[PDB]
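Take a look at this single chain, the form deposited in one PDB entry, given in structure tokens.
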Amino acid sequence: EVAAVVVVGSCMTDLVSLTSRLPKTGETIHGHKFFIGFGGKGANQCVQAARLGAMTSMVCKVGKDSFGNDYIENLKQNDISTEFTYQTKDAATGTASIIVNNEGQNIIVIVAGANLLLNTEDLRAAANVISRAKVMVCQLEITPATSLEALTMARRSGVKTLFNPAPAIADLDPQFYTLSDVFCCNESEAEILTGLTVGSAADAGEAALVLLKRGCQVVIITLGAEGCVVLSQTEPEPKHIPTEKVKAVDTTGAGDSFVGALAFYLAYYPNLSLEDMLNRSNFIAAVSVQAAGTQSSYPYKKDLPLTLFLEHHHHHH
């Protein structure tokens, strides 16, 4: 009955137009393809955890609109609990409108909409699910104050906090660091948070140490094809966890796959070393980059080697 992974965050309808060029102010242009996808960092993370076998619950707000109805059905199709998936008449379901040219350069207009109306009253009603989970996951796509209250509730319940400061803003409220058991971001988010350049594993180590000293317990910087770099209060010397060369088709939502995998390991394989968890998380996110379509690319257990689900240490998947 009880969800082990609770995600408090964002659901967004992806509205994607492919064109030969991006438009200038005042321009009407013809694209050659349009498609609707299920996105939002919160839902993407929740979906990857659910597909690995996690019992998950998605605490979010969508609209009382067709896109919101379709989102609830998407979460139920991935066996995600929608008990505290709220629907509001007061705004539309969140949108990410994405225009992509032939070369892969894009413009993105996000309207967070109903996501921003998820409030502290909504979290109090969800308090039974949040307090009884193993892991609480949050990002920066809903109201900051709401993510902070979710982190506060999880901390006082002894629930592990996994925070993804995405998208990043430079002067983040210091409590996001001190309430984070695991603080996981990418290279460009690390640059925004620290003002430092991340062009190597060594540079990622230096950025992670800045983040650790602001009060995080564990800091992970994802490095795309370079894997990730990790350190912690107990082991402050950074480690580089590389990942084998694969043929990337579409990396969109790779970080969300990585975070959802990590939530799954924290919740169901708590005795694995952190480096083992991240090595597994790298392999699962690298499966996602080998196919198109964000949530569509996130593998299920049946599609993955069984060594990813061993109760003891295992290195090569």
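Superpose the two forms; the largest set of C-alphas matching within 1.5 Å is the rigid core. Counting begins at 1, following the sequence as shown.
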Point to revise | Mean C-alpha B-factor comparison - 102 to 110 and 78 to 86, higher one | key: 102 to 110
Exercise for review: Can you let me know which of the two, 219 to 227 or 118 to 126, has the higher average C-alpha B-factor in the entry?
Suggested key: 118 to 126
Review point. Highest Cα B-factor in the PDB entry belongs to which of 195, 94, 165, 158?
Key: 195
Point to revise | Highest-ranked of 169, 190, 154, 138 once sorted by CA temperature factor in the record | key: 169
Practice item. Determine, from the deposited record, the chain-internal third of the Cα B-factor for residue 31: lowest, middle or highest. Key: highest
Check your understanding: C-alpha B factor of residue 304, ranked within the chain: lowest, middle or highest third?
Key -> lowest
Practice item. Using the B-factors in the PDB entry, rank residue 256's C-alpha atom against the chain and give the third, lowest, middle or highest. Key: lowest
Exercise for review: Using the B-factor values recorded in the entry, state whether the Cα atom of residue 208 falls in the lowest, middle or highest third among the modelled residues of its chain.
Suggested key: middle
Check your understanding: Compared with the other modelled residues in the chain, in which third is the CA B-factor of residue 279?
Key -> lowest
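One more form of this protein should be noted, the form deposited in another entry, which is absent from this view; the next part is about it.
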Point to revise | Displaced residue between this form and the one not shown, judged on C-alpha after the rigid core is fitted, out of 90, 121, 103, 83 (threshold 2 Å or more) | key: 103
